[PDB]
């Protein structure tokens, strides 16, 4: 275990190997960690657990730290499998140990473990749990951030906010604190996490943070459920979350597509050229969805003021990877972004119009589409390049 602060002990688990989260929809290229915390005052409190894969390691490591019978309270901020996966194994040893959680957590815990006989304690915002030595736990409900059962736990005196998933990131390192790791890699994992997971709940982020700030609770450290502990200027991640929640966008355009004979690819490259020579302010990224990291594409979409999506017509519909990606974007609900569909066709086409409509369904403000037949020649590439010019002028943040 690792000492977080005073009697707060990190009893979590590092995961150097993990590459797949949420099925295969989240790629953790830099591993992850599952942070659990054991507070040892007059009362002994365990906060969250770890992933199911390390259930047996978690209990044994917990035994080495403390006798399991001496654990007074268990706090579950969130009942996902990567935080409550090792709960059943633990409760098999100490079944009478009370669990403090939200009302919705009772539904989610019993939903997976099927053990309603456990001693649950419903907590709501403002409720306190005394642990002795002048210290107490304060619970703060955060529904749909990013689950209905989600909440945070604050420890007075030590001024530590156990925020669970919030302000966390999938980043595995031997060092525990934020000032001990690579800042660039840390920022990348943080933004990647928010973009792919927390984007559709952005409307709830700012009012919830504003509510918490009103409590006037001092914050020395922010101990999340994933990655580093924020101890050096810990509110820096809170400020990033405030920026990212306000329909975040940079002067940036992301282009992604799928192609069978690179005809649409040629269109994509030509569009990008037109943009660059019209608006030097705009940063442009190009991706082949069949050949690229999906989460990286989505992170760029999150950072972009607008996107262009390319697809060829395949059996009168669009290419499935493009279709799948558009479906996911519809769930993420990007805001204040604009889009334009493009692609090549053989005869009757139809996929480009089909794509433009589904992009509109995803919440994008649509501009005119760009269509081309077979392989674009020199004249056709001019029209594609011209299309990029028109997009740049329309989506300009400022004149010229």
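Numbering follows the first chain given and starts at 1.
J.: Mean CA B-factor: is it higher for 272-280 or for 216-224?
T.: Stretch with the higher mean C-alpha B-factor: 272-280.
J.: Looking at the entry, does 81-89 or 176-184 show the higher mean C-alpha B-factor?
T.: In the deposited entry, the stretch with the higher C-alpha B-factor mean is 81-89.
J.: According to the deposited entry, which of 29, 66, 339, 46 has the largest Cα B-factor?
T.: Of the candidates given, the C-alpha B-factor peaks at 66.
J.: Looking at the C-alpha B-factor values in the deposited entry, which of 168, 324, 111, 157 comes out highest?
T.: Out of 168, 324, 111, 157, the record gives the largest C-alpha B-factor to 111.
J.: Lowest, middle or highest third of the chain for the C-alpha temperature factor of residue 350?
T.: Middle third by C-alpha B-factor.
J.: Among the modelled residues of its chain, does the C-alpha B-factor of residue 61 lie in the lowest, middle or highest third?
T.: Its C-alpha B-factor, which the entry lists for residue 61, ranks in the highest third among residues of this chain.
J.: Against its chain's modelled residues, does residue 267's Cα B factor rank lowest, middle or highest third?
T.: Within its chain, residue 267 is a lowest-third residue by C-alpha B-factor, going by the deposited values.
J.: C-alpha B factor of residue 318, ranked within the chain: lowest, middle or highest third?
T.: Answer is middle: the recorded C-alpha B-factor places it there.
J.: When the deposited Cα B-factors of this chain's modelled residues are ordered and cut into thirds, is residue 12 in the lowest, the middle or the highest one?
T.: Lowest third - that is where residue 12 ends up once the chain's C-alpha B-factors are sorted.
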